[PDB]
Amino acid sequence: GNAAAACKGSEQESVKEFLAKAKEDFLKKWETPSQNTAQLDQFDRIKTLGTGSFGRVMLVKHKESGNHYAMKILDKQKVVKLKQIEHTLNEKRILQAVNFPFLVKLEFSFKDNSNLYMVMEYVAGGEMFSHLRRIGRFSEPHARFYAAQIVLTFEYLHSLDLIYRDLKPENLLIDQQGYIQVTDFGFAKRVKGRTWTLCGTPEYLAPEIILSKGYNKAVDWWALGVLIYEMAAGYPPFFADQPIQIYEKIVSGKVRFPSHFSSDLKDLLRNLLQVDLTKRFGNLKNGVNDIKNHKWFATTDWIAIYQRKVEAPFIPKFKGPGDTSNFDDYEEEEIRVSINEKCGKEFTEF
């Protein structure tokens, strides 16, 4: 990072080496995944941090160490009913294999008769979503600090042939240093060609997903455009009461910007929210560098962000260990584990 500051572009061979070694590390774990590294009775379940279609994420306390973690619980029967087996196997296989400063760490995983469990580091600062809705919008420098972390994270993930496919503020957690931790690998997939699954979150879907066209990692760059817009405006570029109305707006690709957006921000967004794939930033000959070298990012020290050396725009409140003040309350429900093994064959590799 001194060389990148001293001579822009001079770091490119070193970044290439970093990524090559990162892929070696990833592939070892991808090829031989960790399995069965804890069990349910090792944790006290404290409070729900969020609910989803297949289960919930709970704050737990590891009994033996006293450490807090966030445990994602997935009901096997529902996963099977909704035809999400492969997605759930992808989620765990990928999350246990990655290693990057802005990706949540998976510490343990296991299954029992009823459920799958993924035990992650607890990121106590809450969802970006909560802070964004409360404050209204982020200033451009604040939005840019977060956006830079996502750019680097996608550079990392895409280099491993991974597509993320659910970027949104609800899946971005703020840590105790004010940096992002990406959670929710439910739609992450390792794919070298194109893929076809309609998945994501409506506001963030690229037109090529919507139109059942086949698509590639460029959908993550589109989603970055939506995220930057939403962070800086306070509302998404395509919103309505119902997904059908949102989809109509996305495929028009007409986007209107708040009058307070800078010229550089509007230009970056026109290039990310580009319906034409031959024109979308992140998907051109120079790849991620078209984004990293854009005028809006001129003040961004990419390597300093990676090293977490940049002062964060804010640090969330922290009352002590196990504090959930930065999260909404959810209805609690007793975890019941059946006496019969459910869906054993389907989840053998988990």
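For clarity, a rigid core is taken as the largest C-alpha set superposing within 1.5 Å between two forms. One rule holds for the numbers: they count along the sequence shown, beginning at 1.
When the core is superposed, where do the C-alphas shift more in 5 other deposited structures of this protein: in 128-136 or in 102-110?
The stretch that sits farther from the shown form in 5 other deposited structures of this protein is 102-110.
Could you check whether 238-246 or 148-156 drifts more from the shown form in 5 other deposited structures of this protein, using RMS Cα distance once the core is superposed?
Greater root mean square C-alpha distance in 5 other deposited structures of this protein: 238-246.
Across the other PDB entries of this protein that were compared, is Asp323 absent from at least a third?
Across the other compared entries, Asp323 is absent from at least a third.
If you take the mean CA temperature factor per stretch, which one wins between 99-107 and 256-264?
According to the PDB entry, the answer is 256-264.
Quick one: higher average CA temperature factor, 144-152 or 208-216?
Mean CA B-factor is higher for 208-216.
Sorting by Cα B-factor within the chain, modelled residues only, which third would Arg280 end up in: lowest, middle or highest?
CA B-factor rank for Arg280: middle third.
Would you please rank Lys78 by its C-alpha temperature factor against the other modelled residues of its chain and give the third it falls in: lowest, middle or highest?
For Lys78, whose C-alpha B-factor we compare with every modelled residue in the chain, the answer is the highest third.
When the modelled residues of the chain are sorted by Cα temperature factor, does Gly136 land in the lowest, middle or highest third?
Middle third by C-alpha B-factor.
Can you work out whether the C-alpha temperature factor of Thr195 puts it in the lowest, middle or highest third of the chain?
Its C-alpha B-factor, which the entry lists for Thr195, ranks in the middle third among residues of this chain.
Using the B-factors in the PDB entry, rank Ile244's C-alpha atom against the chain and give the third, lowest, middle or highest.
According to the entry, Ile244 has a C-alpha B-factor in the chain's highest third.
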